[PDB]
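The structure appears below as structure tokens.
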Amino acid sequence: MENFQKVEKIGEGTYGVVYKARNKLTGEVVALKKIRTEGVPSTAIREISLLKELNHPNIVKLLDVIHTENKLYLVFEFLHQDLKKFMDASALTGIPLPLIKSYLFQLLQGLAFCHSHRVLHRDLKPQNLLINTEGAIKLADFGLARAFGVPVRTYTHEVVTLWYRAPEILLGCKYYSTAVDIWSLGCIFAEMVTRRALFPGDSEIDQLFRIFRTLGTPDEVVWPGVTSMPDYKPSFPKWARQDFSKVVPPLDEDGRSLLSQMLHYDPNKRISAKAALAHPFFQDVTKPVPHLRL
Ligand SMILES: NS(=O)(=O)c1ccc(/N=N/c2ccc(O)[nH]c2=O)cc1
């Protein structure tokens, strides 16, 4: 727009490209998501306008939605750093446990909110988690049931990511449950602790097999109905579940317990965001402030 001076290309955020921008009338600094024709989908505009009504301190605010120039512009609250950059910045030192715990707690509060309004994130990954200097972390760039795709990229371009995808999705499930977000958040939790991605797949089958190698090949005893899922194959290799103490060391037993419940195969056994908030891991949760180099 003329209304907005692009300051800096922030990223390429899962539907298009995101810029840091200043409103030349009001002066406010925002995130501007650009989505590039043929009168695009009224049904997206309603699940999008729905995203606008999400109101919670741990969810990045969608300020406005502007449809123009054969484009869709989403105007979002701006934060100065994402979790991926923060994790890279502290990869030698580690993120201190109280801060990891604070971040996990806030994100569970955010998901508990979304999920109680029947909204799923669908695309949770470090790059979609934004932090500020006050110790806050916020869910950003929510994905849509369809929107513009579901493409195999934000667009065009570059690096689509399977790393945080729940196994029921990889196994061809049609209807997502809130559980898929808990799985992604579990993967992110592991990654904050170990400073390495938990399941860094290079393809959809490699992603699935990396999960099987770690958590064991699922069967009817641990996940009733799995062998009838659309993409399940009897020919999957049978990997034994490897011991969980090897997964996220040196995380304490409270942390390992909670992670284990967030990574249950069966989406019905997987812990809910609200039940997670009650886990003994959060007995001593506080709100540290990060040291941010902006
Ligand atoms: N320099 S950095 O990589 O850590 C980084 C990354 C993203 C960023 N802002 N991104 C946003 C994305 C979506 C949104 O609704 N708001 C944002 O601020 C601001 C900074």
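Residue numbers run from 1 in the order of the sequence given. Counting convention: from 1, in listed order, for ligands and their atoms alike. What's counted below: heavy atoms across the whole structure, side chains too, no hydrogens, waters or symmetry copies.
- When the heavy-atom distances from atom 13 (C) of ligand 1 to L79, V60, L130 are ranked, the shortest goes to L130.
- Here the shortest heavy-atom distance to atom 6 (C) of ligand 1, taken over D141, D88, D82, belongs to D82.
- Note on ligand 1: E77 sits in its first shell, one or more heavy atoms being nearer than 4.0 Å.
- Going from atom SG of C114 over to atom CG of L120 covers 8.5 Å, rounded to the nearest 0.5 Å.
- Screening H121, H115, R122 for a side-chain hydrogen bond (donor to acceptor under 3.5 Å, both in side chains) with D181, the sole residue that qualifies is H115.
- Atom 2 (S) of ligand 1 has as its closest protein heavy atom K85 CD, 3.7 Å.
- Taking every non-hydrogen atom of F76 and a distance limit under 4.0 Å, the qualifying atoms of ligand 1 come out as 14 (C), 15 (O).
- Each of the atoms 14 (C), 16 (N), 17 (C), 18 (O) of ligand 1 lies under 4.0 Å from some heavy atom of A31.
- What you find for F4 and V30 is that their closest heavy atoms are CE2-CG2, 3.8 Å.
- Judged by a 6.0 Å distance limit and a 45° cone about the ring axis, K6 is positioned over the six-membered ring of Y19.
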Pairs of donor and acceptor atoms involving the side chains of residues 140-153, under 3.5 Å and at least two apart or interchain, shall be tabulated with distances.
residue, atom, partner, partner atom, Å
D141, OD1, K33, NZ, 2.4
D141, OD2, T14, OG1, 2.3
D141, OD2, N128, ND2, 3.4
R153, NE, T156, O, 3.4
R153, NE, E158, O, 3.1

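- Residues passing the ring-ring contact (aromatic ring centres under 6.0 Å, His included) test with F236, sequence neighbours excluded: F209, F212, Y232.
- Protein heavy atom nearest atom 10 (N) of ligand 1, with residue, atom name and distance: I10 CG2, 3.5 Å.
- Of the polar atoms of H80, none of the N or O atoms is found under 3.5 Å from an N or O of ligand 1, judged by distance alone.
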